[PDB]
> 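One structure coming up, written as structure tokens, with questions to follow.
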Amino acid sequence: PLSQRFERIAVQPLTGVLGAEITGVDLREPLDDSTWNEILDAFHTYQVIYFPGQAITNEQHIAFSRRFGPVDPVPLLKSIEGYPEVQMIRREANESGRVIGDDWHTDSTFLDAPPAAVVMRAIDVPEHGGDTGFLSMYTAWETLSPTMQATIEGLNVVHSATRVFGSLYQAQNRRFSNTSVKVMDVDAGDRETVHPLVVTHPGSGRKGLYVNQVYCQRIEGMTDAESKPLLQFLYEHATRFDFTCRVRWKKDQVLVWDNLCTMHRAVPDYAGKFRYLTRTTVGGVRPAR
Amino acid sequence: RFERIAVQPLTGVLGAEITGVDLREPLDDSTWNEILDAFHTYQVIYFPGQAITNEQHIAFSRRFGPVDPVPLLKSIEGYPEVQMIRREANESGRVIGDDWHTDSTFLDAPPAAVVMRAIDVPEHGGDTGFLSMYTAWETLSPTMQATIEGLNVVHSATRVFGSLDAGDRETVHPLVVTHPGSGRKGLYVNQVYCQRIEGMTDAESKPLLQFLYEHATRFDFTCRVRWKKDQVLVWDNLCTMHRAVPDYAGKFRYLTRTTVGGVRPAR
């Protein structure tokens, strides 16, 4: 049992798939070795972890994030004044543009080395509205048939940011506001990288599916017609409701998600309401089989 | 080359018109060998102006292999081997073989070939489409080929004359088959008899089979055969699919067919 497994923290799982609330820790202070090791263990098991009532400074946010690995900010997001490491998920009450992250994805997979983790802090959030969905890509992989696993385990996938800030984004109508989103170079948006379809997590050693509808373009070597149905099945499979959890935000909630083995989704159900969270990005290494 | 027959290909994919031979007479070794060569290359072959009897029809068919026939279709009186593709001028409704398929793939050993003979056909209307499953396989990307080559598919007649006993009986064929005569690899799926990819869930199997149906039935993999009276046609039941065109409402259409037995589809 978790009450006896963990001696320095208290862990309350959110679902039988992923997610856990962590209490009995003060993120304003440096964490001792035993407390940190328990947090990391919980992170590896539960994949998305959150800490209610953590009224921390920007510096304390950065210091906590550094325990997971180096700070490596994502290309697209604006940073707060004085803190280049601390980026914004900010939506004004009156704005009606495209919602950041309103499709199932994981962050910045177009990079050669996408983020390992993101640490998100609720600054000012609605009483209700603006939950974040998460899902386990371990579970998504583990629930495929043995035959389907054998069929796809050797495949590689082409990723790019073309639909987010590349040529395909610039061709369409649904645009982000300048609140949290930078103006970007089109060539950076179109730059392709190839990642494995199934990846091994370097911390847990576990295999997970690695595909997302936002950044994945096609299966490497296949035509668009060949790739489209296989990728579409995998999106529908991974995003099955039974593979998900739903996180409700409160002021001063600090959340860490694993950017390799989870996907996440914004919920745009708070029109007319201010929503502001900050985030630091933990650098990762090249996704590997 | 062709020294004993004249061969006119119909498209750059499949189909050929063969002339310079009389199918009423027995074929010598040299002529037969050339016909078989053309059959292996062109997959669907047709011979205009062959006013052959029922007996001559059977005799020609026997050169390709054993002549069965299949239990589903109705035989003409006096000739169990010779079966009817008949639609009266008064008749209207749903036509035999109006989706892309190949014959009786629910069997452990489906037919190798079918020999069709036009008796009374309209001036226009009632063409038969054919497509090459060699071409279907060959035009898949090397990556897609490698991905699906080891898959097997469950076939049954359950949607045709089963629950959805003999119709419910399942058989398993490879998704990609090697032709026992030509040695060439071809895709082997059809929407009429294929149920699922063996080992996969419904959600996994459905979109993959659906893509393969769409791919195989691409217009550029097809040919279209127009019928005339006394036209004799042979199709390869392993490496082709075919489709009847129901564009002859109110017109009489009559053809006979013999069925050549095959062996287990093999990788």
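So you know, we letter chains A, B, ... as the sequences are listed, proteins then strands, and number each from 1. Atom set for the values below is all heavy atoms of this structure, side chains included, hydrogens, waters and symmetry mates excluded.
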> How close do A:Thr147 and B:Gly199 get, heavy atom to heavy atom, and via which atoms?
OG1-CA, 3.5 Å
> Counting neighbours of CZ on B:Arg226 that are heavy atoms of other residues, nucleotides or ligands and sit closer than 6.0 Å, is the number greater than 12?
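Open: at most 12 neighbouring heavy atoms sit under 6.0 Å from CZ of B:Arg226.
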> Are more than 12 heavy atoms from other residues, nucleotides or ligands located less than 6.0 Å from atom CZ of A:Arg286?
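It does not: A:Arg286 CZ has 12 such atoms or fewer within range.
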> Which atoms form the tightest heavy-atom contact between B:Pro207 and A:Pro229, and what is the distance?
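Closest approach of B:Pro207 to A:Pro229, heavy atoms only: O-CB, 4.1 Å.
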> Does a side-chain heavy-atom distance below 4.5 Å link A:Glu226 with B:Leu140?
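Result yes, sub-4.5 Å side-chain heavy-atom pair found.
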> Just wondering, are more than 12 heavy atoms of other shown residues or ligands nearer than 6.0 Å to CD in A:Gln12?
no
> In terms of heavy-atom proximity below 4.5 Å to chain B, should A:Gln232 be classed as side chain, backbone, both, or neither?
neither
> Which distance, rounded to the nearest 0.5 Å, do you find between the OG1 of A:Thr151 and the CD1 of B:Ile148?
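That separation rounds to 9.5 Å.
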> Does any backbone or side-chain atom of B:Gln145 lie under 4.5 Å from a heavy atom of chain A? Answer side chain, backbone, both or neither.
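Contact with chain A involves no heavy atom of B:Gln145 at all.
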> Taking all atoms of both residues into account, what is the closest heavy-atom pair of B:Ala203 and A:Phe233, and its distance?
O-CD1, 3.3 Å
